[PDB]
């Protein structure tokens, strides 16, 4: 569908900004201790892709909200001086601008 095509385009462009794949897959507690205790609504680019394919996004607004959730989670869990926090903040702002 038109929406699925646009969201696939946005997702490709957003993922290009995360070359290490820090946000490619759900965060594991092994990698990030206590993550599942701290973050109630996890999100990641892979989950977003699956939601596109399942036709679960009915508006760009819904997709943007999941992107923001992913970034907000990273800025809640990781301390500001970490690579993960800095990239989440950078890609949140740049990603919203790109989609506009």
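Heads up, when I say rigid core I mean the largest set of C-alphas that superpose within 1.5 Å between the two forms. Numbering follows the first chain given and starts at 1.
Once the structures in 9 other deposited structures of this protein are superposed via the core, the pair 66-74 and 24-32 is resolved in favour of 24-32 as the more displaced stretch (C-alpha RMS). Between 2-10 and 89-97, it is 2-10 that carries the larger average Cα temperature factor according to the deposited entry. Stretches compared: 54-62, 67-75. Higher mean C-alpha B-factor in the entry: 54-62. Annotation for residue 80: CA B-factor lies in the highest third of the chain's modelled residues. When the modelled residues of the chain are ordered by their C-alpha B factor, residue 49 lands in the lowest third.
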